[PDB]
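Right, one structure below, let's go through it.
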Amino acid sequence: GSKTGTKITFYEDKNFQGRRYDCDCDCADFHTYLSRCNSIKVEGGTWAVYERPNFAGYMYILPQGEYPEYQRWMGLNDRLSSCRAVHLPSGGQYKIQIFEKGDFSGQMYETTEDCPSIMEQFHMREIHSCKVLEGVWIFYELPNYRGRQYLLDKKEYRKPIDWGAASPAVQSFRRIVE
């Protein structure tokens, strides 16, 4: 039933017109059902969408809401593959630890809130390691909660690639909401 079924639809054209694909469960590649990803509007909860199929490329977390056009997801291009059902955190309220140096070292900052500019308040220029996780997290390569979104399933980050980033040059973040 519902009470957990997160559904996501990908329309070929905008305004949710033309072709369309409906799925409420993880998948590998649904591109075979859609040749273009335009307009999106989930009919459930949050979702994890990978610019490319097989679970590669840019990681965007499309939350429960409407998107009359692709540009509604940061116009990161009209390329969207399958998706994975993602739930919001609640087991450990909200707490994050950031280390100036990888392998858990250097200055450590703890904040149970969102942060627009990490460098502004944490003076951090490049996050190398971050401890203390909560259900699901979101890292924004850019400040103001913008830029590539990093979301990897793990229990800790000792290296800059631990969160699937091609470098420790990240930014701030914001507690996932829905």
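Numbering starts fresh at 1 for the residues of each chain in the structure tokens, the chains themselves are lettered A, B, ... in the order given, and ligands are numbered from 1 as they appear.
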
Problem - Which of range 68-168 of chain A DSSP labels strand (DSSP E or B), written as number ranges by chain - result: A: 83-85, 96-101, 105-111, 115, 129-131, 139-142, 146-150, 157

Save the residues we just selected, N, CA and C atoms, as a PDB file, in the first residue's frame?
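Writing the result to out-v5.pdb gives the following:
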```pdb
ATOM      1  N   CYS A  83      15.488   4.953 -10.290  1.00  0.00           N
ATOM      2  CA  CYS A  83      15.580   5.664  -9.031  1.00  0.00           C
ATOM      3  C   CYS A  83      15.488   4.683  -7.869  1.00  0.00           C
ATOM      4  N   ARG A  84      15.924   5.116  -6.685  1.00  0.00           N
ATOM      5  CA  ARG A  84      15.878   4.267  -5.498  1.00  0.00           C
ATOM      6  C   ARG A  84      15.072   4.964  -4.405  1.00  0.00           C
ATOM      7  N   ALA A  85      14.142   4.230  -3.803  1.00  0.00           N
ATOM      8  CA  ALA A  85      13.300   4.794  -2.750  1.00  0.00           C
ATOM      9  C   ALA A  85      14.149   5.219  -1.561  1.00  0.00           C
ATOM     10  N   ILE A  96      25.699  16.107  12.628  1.00  0.00           N
ATOM     11  CA  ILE A  96      26.792  15.899  11.686  1.00  0.00           C
ATOM     12  C   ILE A  96      28.118  16.381  12.256  1.00  0.00           C
ATOM     13  N   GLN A  97      29.169  15.638  11.939  1.00  0.00           N
ATOM     14  CA  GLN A  97      30.517  15.982  12.370  1.00  0.00           C
ATOM     15  C   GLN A  97      31.401  16.179  11.145  1.00  0.00           C
ATOM     16  N   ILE A  98      32.135  17.286  11.122  1.00  0.00           N
ATOM     17  CA  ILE A  98      32.999  17.601   9.987  1.00  0.00           C
ATOM     18  C   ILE A  98      34.444  17.733  10.434  1.00  0.00           C
ATOM     19  N   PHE A  99      35.344  17.111   9.681  1.00  0.00           N
ATOM     20  CA  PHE A  99      36.769  17.165   9.997  1.00  0.00           C
ATOM     21  C   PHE A  99      37.542  17.895   8.905  1.00  0.00           C
ATOM     22  N   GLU A 100      38.403  18.817   9.324  1.00  0.00           N
ATOM     23  CA  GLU A 100      39.213  19.590   8.391  1.00  0.00           C
ATOM     24  C   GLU A 100      40.194  18.685   7.651  1.00  0.00           C
ATOM     25  N   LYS A 101      40.561  17.574   8.288  1.00  0.00           N
ATOM     26  CA  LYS A 101      41.510  16.636   7.699  1.00  0.00           C
ATOM     27  C   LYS A 101      40.889  15.251   7.577  1.00  0.00           C
ATOM     28  N   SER A 105      40.450  13.914  11.355  1.00  0.00           N
ATOM     29  CA  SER A 105      41.515  14.704  11.959  1.00  0.00           C
ATOM     30  C   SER A 105      41.297  16.191  11.699  1.00  0.00           C
ATOM     31  N   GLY A 106      41.985  17.025  12.473  1.00  0.00           N
ATOM     32  CA  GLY A 106      41.865  18.470  12.321  1.00  0.00           C
ATOM     33  C   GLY A 106      40.702  19.021  13.136  1.00  0.00           C
ATOM     34  N   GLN A 107      40.181  20.163  12.698  1.00  0.00           N
ATOM     35  CA  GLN A 107      39.066  20.806  13.385  1.00  0.00           C
ATOM     36  C   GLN A 107      37.770  20.037  13.157  1.00  0.00           C
ATOM     37  N   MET A 108      37.036  19.801  14.244  1.00  0.00           N
ATOM     38  CA  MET A 108      35.771  19.081  14.167  1.00  0.00           C
ATOM     39  C   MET A 108      34.619  19.980  14.595  1.00  0.00           C
ATOM     40  N   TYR A 109      33.587  20.059  13.756  1.00  0.00           N
ATOM     41  CA  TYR A 109      32.422  20.880  14.060  1.00  0.00           C
ATOM     42  C   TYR A 109      31.164  20.026  14.138  1.00  0.00           C
ATOM     43  N   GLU A 110      30.360  20.288  15.161  1.00  0.00           N
ATOM     44  CA  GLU A 110      29.112  19.558  15.366  1.00  0.00           C
ATOM     45  C   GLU A 110      27.919  20.511  15.379  1.00  0.00           C
ATOM     46  N   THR A 111      26.957  20.261  14.492  1.00  0.00           N
ATOM     47  CA  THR A 111      25.767  21.104  14.407  1.00  0.00           C
ATOM     48  C   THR A 111      24.544  20.285  13.975  1.00  0.00           C
ATOM     49  N   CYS A 115      23.264  24.151   7.116  1.00  0.00           N
ATOM     50  CA  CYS A 115      24.318  25.127   6.918  1.00  0.00           C
ATOM     51  C   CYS A 115      24.411  25.523   5.445  1.00  0.00           C
ATOM     52  N   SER A 129      36.926  14.494   5.805  1.00  0.00           N
ATOM     53  CA  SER A 129      36.304  13.443   6.602  1.00  0.00           C
ATOM     54  C   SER A 129      35.135  13.997   7.412  1.00  0.00           C
ATOM     55  N   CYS A 130      34.082  13.193   7.541  1.00  0.00           N
ATOM     56  CA  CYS A 130      32.903  13.596   8.299  1.00  0.00           C
ATOM     57  C   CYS A 130      32.313  12.393   9.024  1.00  0.00           C
ATOM     58  N   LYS A 131      32.115  12.536  10.329  1.00  0.00           N
ATOM     59  CA  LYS A 131      31.562  11.454  11.133  1.00  0.00           C
ATOM     60  C   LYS A 131      30.140  11.785  11.569  1.00  0.00           C
ATOM     61  N   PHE A 139      24.979  16.219   0.674  1.00  0.00           N
ATOM     62  CA  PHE A 139      26.097  17.153   0.588  1.00  0.00           C
ATOM     63  C   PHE A 139      25.978  17.979  -0.681  1.00  0.00           C
ATOM     64  N   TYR A 140      26.169  19.285  -0.548  1.00  0.00           N
ATOM     65  CA  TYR A 140      26.076  20.169  -1.697  1.00  0.00           C
ATOM     66  C   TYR A 140      27.440  20.730  -2.056  1.00  0.00           C
ATOM     67  N   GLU A 141      27.960  20.316  -3.214  1.00  0.00           N
ATOM     68  CA  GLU A 141      29.275  20.759  -3.658  1.00  0.00           C
ATOM     69  C   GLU A 141      29.355  22.281  -3.636  1.00  0.00           C
ATOM     70  N   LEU A 142      28.198  22.928  -3.753  1.00  0.00           N
ATOM     71  CA  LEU A 142      28.139  24.382  -3.741  1.00  0.00           C
ATOM     72  C   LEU A 142      27.399  24.862  -2.501  1.00  0.00           C
ATOM     73  N   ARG A 146      23.213  24.200  -2.860  1.00  0.00           N
ATOM     74  CA  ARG A 146      23.207  23.998  -4.307  1.00  0.00           C
ATOM     75  C   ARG A 146      24.415  23.182  -4.745  1.00  0.00           C
ATOM     76  N   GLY A 147      24.451  22.831  -6.024  1.00  0.00           N
ATOM     77  CA  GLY A 147      25.557  22.043  -6.551  1.00  0.00           C
ATOM     78  C   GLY A 147      25.245  20.557  -6.482  1.00  0.00           C
ATOM     79  N   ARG A 148      26.152  19.755  -7.028  1.00  0.00           N
ATOM     80  CA  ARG A 148      25.980  18.308  -7.041  1.00  0.00           C
ATOM     81  C   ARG A 148      25.609  17.813  -5.648  1.00  0.00           C
ATOM     82  N   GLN A 149      24.638  16.910  -5.586  1.00  0.00           N
ATOM     83  CA  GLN A 149      24.190  16.363  -4.311  1.00  0.00           C
ATOM     84  C   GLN A 149      24.829  14.999  -4.082  1.00  0.00           C
ATOM     85  N   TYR A 150      25.554  14.858  -2.978  1.00  0.00           N
ATOM     86  CA  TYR A 150      26.198  13.587  -2.668  1.00  0.00           C
ATOM     87  C   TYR A 150      25.349  12.804  -1.678  1.00  0.00           C
ATOM     88  N   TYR A 157      32.941   8.544   6.768  1.00  0.00           N
ATOM     89  CA  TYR A 157      33.728   9.042   5.643  1.00  0.00           C
ATOM     90  C   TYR A 157      35.132   9.414   6.104  1.00  0.00           C
TER      91      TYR A 157
END
```

Exercise for the section: For range 118-120 of chain A, list every protein, DNA or RNA residue within 7 Å, evaluated using only C-alpha atoms, and leave out those in the same chain fewer than 3 positions away; present the list as a PyMOL selection string. Expected result: chain A and resi 115+123-125+171-172

Practice task
Could you jot down the CA of residue 53 in chain A to CA of residue 27 in chain A separation for me, Å, one decimal place?
Solution key: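 Separation between CA of residue 53 in chain A and CA of residue 27 in chain A: 9.0 Å.
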
Exercise for the section: For CA of residue 160 in chain A and CA of residue 104 in chain A, quote the distance in Å rounded to one decimal. Expected result: 11.2 Å

Exercise for the section: Check the smallest atom-to-atom distance from each of A:4, A:151, A:170, A:112 to residue 55 in chain A using only C-alpha atoms, then report the winner. Expected result: A:151

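DSSP, applied to the backbone of this structure, assigns helix (DSSP H, G or I) to the following residues of range 10-173 of chain A: residues 70, 71, 72, 73, 118, 119, 120, 121 and 122 of chain A.
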
Take the residues from that selection and write them out as a PDB file, in the first residue's frame, keeping C-alpha atoms.
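Final output, result-v2.pdb:
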```pdb
ATOM      1  CA  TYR A  70      13.119  19.410 -15.933  1.00  0.00           C
ATOM      2  CA  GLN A  71      14.640  22.803 -15.032  1.00  0.00           C
ATOM      3  CA  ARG A  72      12.788  22.263 -11.749  1.00  0.00           C
ATOM      4  CA  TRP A  73      15.639  19.964 -10.650  1.00  0.00           C
ATOM      5  CA  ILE A 118      30.411  25.691   5.363  1.00  0.00           C
ATOM      6  CA  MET A 119      33.450  27.869   4.753  1.00  0.00           C
ATOM      7  CA  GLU A 120      31.617  30.892   6.140  1.00  0.00           C
ATOM      8  CA  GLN A 121      30.769  29.373   9.534  1.00  0.00           C
ATOM      9  CA  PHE A 122      33.074  26.328   9.642  1.00  0.00           C
TER      10      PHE A 122
END
```

Handout entry: Residues within 12 Å of residue 29 in chain A, only C-alpha atoms, excluding chain neighbours under 5 positions, as a PyMOL selection string
Key = chain A and resi 21+23+34-35+49-56+79-84

Practice task
Provide the CA of residue 117 in chain A to CA of residue 61 in chain A distance in Å, to one decimal place.
Solution key: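 CA of residue 61 in chain A lies at a distance of 19.9 Å from CA of residue 117 in chain A.
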
Problem - Non-local contacts of residue 5 in chain A (8 Å; only C-alpha atoms; under 4 positions in same chain excluded) as a ChimeraX atom specification - result: /A:1,24-25,44-45,85

With C-alpha atoms retained, could you export that selection as a short mmCIF file (atom, residue, chain, number, x, y, z; two decimals), in the first residue's frame?
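Written output follows (again_7.cif):
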```cif
data_model
loop_
_atom_site.label_atom_id
_atom_site.label_comp_id
_atom_site.auth_asym_id
_atom_site.auth_seq_id
_atom_site.Cartn_x
_atom_site.Cartn_y
_atom_site.Cartn_z
CA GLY A 1 0.00 0.00 0.00
CA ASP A 24 7.45 2.65 -6.99
CA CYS A 25 10.48 0.40 -6.43
CA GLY A 44 4.58 9.28 -2.66
CA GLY A 45 7.70 10.37 -0.77
CA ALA A 85 13.30 4.79 -2.75
#
```
